[PDB]
Every structure is written in structure tokens, then in C-alpha cells.
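*Asks:* Okay, here's the structure, questions in a sec.
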Amino acid sequence: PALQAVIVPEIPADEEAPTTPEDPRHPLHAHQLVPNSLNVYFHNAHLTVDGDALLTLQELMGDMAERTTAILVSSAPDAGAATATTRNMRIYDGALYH
């Protein structure tokens with residue numbers, strides 16, 4: 001829910017795409033910076049991105065990631081050391097999906 005706040009402007013038709021952050025037409029200008037938006041989080045890092053750079057968020061949104069979950073897997077010991085008494089004890093290791 002913090003990701004939908006893109007503050008790219010409505011560029012007038014048949015106009016050049018601004019690149020420097022000194023003009024107000026740039027999305028990283030202080031005039032077009034509302035708090036709790038992606039532009040202030042980019043400016044806190046002081047990185048330079050364009051209008052289409054933040055416009056790629058709306059098509060990056062097409063694939064979603066639900067939530068991270070914990071996976072604990074286990075298996076028997078390997079066939080090089082699998083005997084009648086080692087098969088009782090298994091190996092237990094865990095991982096983090098997403």
C-alpha cells in the first residue's frame with residue numbers, strides 16, 4: 001500500500017521529457033514532492049529517476065507477491081551413509097520463501 005503513490009506529472013503533449021531535477025516538471029523536484037510518496041523516498045536516497053521510471057511501477061504491479069512464509073525441510077541421510085541405524089535420525093534445516 002505504500003507503493004501506489006507515484007507523483008509523476010501530466011506532461012504536455014509534444015514536449016521534451018525533463019531529466020534534470022532543477023525544473024518543476026521533474027518528478028523529483030521539491031514542488032512535486034508530497035510526503036508518504038515514492039518521490040520523497042527516492043530523494044532521501046538522492047537518486048535520479050525519470051517520469052517513466054516511476055511510471056513502470058503500474059506495470060510492475062501486474063505480478064504480486066503475497067507474503068513471506070517459513071519452510072522447514074527434512075530428509076534422510078545420504079545413500080553413502082544410509083544404513084539400518086542412521087535412517088532413524090534425519091537432518092532438519094529451514095528456509096524463508098519470499
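Each chain in the C-alpha cells gets a letter, A, B, ..., in the order shown, and its residues are numbered from 1; ligands are numbered from 1 in order too.
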Fewer than 5 positions away in the same chain doesn't count, so skip those; otherwise give me all residues within 10 Å of residue 19 in chain A, counting only C-alpha atoms, as a ChimeraX atom specification.
*Replies:* /A:25-28,48-51
*Asks:* Just asking: which residues within range 6-78 of chain A are strand (DSSP E or B) according to DSSP, as a list in words?
*Replies:* residues 69, 70, 71, 72, 73, 74 and 75 of chain A
*Asks:* Filtering to N, CA, C and O atoms, could you give me those residues as a PDB file, in the first residue's frame?
*Replies:*
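Result file follows (again.pdb):
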```
ATOM      1  N   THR A  69       6.849 -16.768   3.904  1.00  0.00           N
ATOM      2  CA  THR A  69       6.469 -17.923   4.702  1.00  0.00           C
ATOM      3  C   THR A  69       7.711 -18.745   5.009  1.00  0.00           C
ATOM      4  O   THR A  69       8.734 -18.645   4.325  1.00  0.00           O
ATOM      5  N   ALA A  70       7.613 -19.556   6.058  1.00  0.00           N
ATOM      6  CA  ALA A  70       8.741 -20.327   6.565  1.00  0.00           C
ATOM      7  C   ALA A  70       8.617 -21.779   6.127  1.00  0.00           C
ATOM      8  O   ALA A  70       7.584 -22.415   6.356  1.00  0.00           O
ATOM      9  N   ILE A  71       9.672 -22.298   5.505  1.00  0.00           N
ATOM     10  CA  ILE A  71       9.715 -23.674   5.023  1.00  0.00           C
ATOM     11  C   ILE A  71      10.805 -24.413   5.785  1.00  0.00           C
ATOM     12  O   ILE A  71      11.980 -24.032   5.724  1.00  0.00           O
ATOM     13  N   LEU A  72      10.416 -25.473   6.492  1.00  0.00           N
ATOM     14  CA  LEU A  72      11.346 -26.376   7.163  1.00  0.00           C
ATOM     15  C   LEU A  72      11.313 -27.706   6.419  1.00  0.00           C
ATOM     16  O   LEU A  72      10.286 -28.395   6.413  1.00  0.00           O
ATOM     17  N   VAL A  73      12.426 -28.059   5.783  1.00  0.00           N
ATOM     18  CA  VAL A  73      12.539 -29.288   5.008  1.00  0.00           C
ATOM     19  C   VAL A  73      13.373 -30.285   5.797  1.00  0.00           C
ATOM     20  O   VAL A  73      14.190 -29.899   6.641  1.00  0.00           O
ATOM     21  N   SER A  74      13.155 -31.568   5.534  1.00  0.00           N
ATOM     22  CA  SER A  74      13.934 -32.621   6.162  1.00  0.00           C
ATOM     23  C   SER A  74      14.057 -33.804   5.216  1.00  0.00           C
ATOM     24  O   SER A  74      13.205 -34.021   4.351  1.00  0.00           O
ATOM     25  N   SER A  75      15.131 -34.570   5.393  1.00  0.00           N
ATOM     26  CA  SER A  75      15.380 -35.743   4.571  1.00  0.00           C
ATOM     27  C   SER A  75      16.228 -36.733   5.352  1.00  0.00           C
ATOM     28  O   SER A  75      16.818 -36.403   6.385  1.00  0.00           O
TER      29      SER A  75
END
```
*Asks:* Measure the distance from CA of residue 5 in chain A to CA of residue 36 in chain A in Å and round it to one decimal.
*Replies:*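 Distance between the two atoms: 7.6 Å.
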